[PDB]
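The structure appears right after this line, and notes come after that.
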Amino acid sequence: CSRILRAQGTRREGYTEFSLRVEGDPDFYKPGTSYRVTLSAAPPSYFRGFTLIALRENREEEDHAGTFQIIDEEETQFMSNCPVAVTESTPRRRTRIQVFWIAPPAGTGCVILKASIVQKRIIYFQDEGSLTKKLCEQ
């Protein structure tokens, strides 16, 4: 599929009012361990849609680390447009979203989880910042 899935995006680098983080906040990952990933929207702010992927550091095809597992089928789904991505299942307002992610085999290096966010019309995305989480193996 594509990260060219973006054609209507506004790039917004840095820390924003939207945050992608992992519950427990691990400094490092452990191959085959299932971490809970959450996408959050701070004080009087909300989102209506999003996307989510994982990638090995430095890599920009089939270079996606680990696998996602759906927790809330009323909120999330795998995108039939891009199967390696997790996205919203309804454009209804949310302040939180959660998904499982399972750590890739021993010695896969560093992994970045990236999210994009649509609030009203605008789709926001970035390479570095609060919608981005890098996790390494050691």
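In terms of mature numbering (1 follows the signal peptide of the UniProt record, and there is no 0), the sequence shown is residues 16 to 75, 79 to 156.
The beta-carbon is built from N, C-alpha and C at its ideal position, and this holds for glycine as well.
If you draw a straight line from the Cα of residue 116 to the Cα of residue 33, it is about 14 Å long. Shown here for residue 83: same chain residues with a beta carbon closer than 6 Å to its own, the five before and five after excluded, namely 69, 71, 122, 126, 129 in chain order.
Within the same chain, and ignoring the five residues on either side of residue 111 in sequence, the residues whose Cβ sits closer than 7 Å to its Cβ are 61, 63. For the pair residue 48 and residue 38, the CB atoms are not nearer than the 8 Å cut-off. Just so you know, the alpha carbons of residue 50 and residue 139 end up roughly 31 Å apart. With contacts defined as CB atoms closer than 8 Å, residue 120 and residue 85 qualify as a contacting pair.
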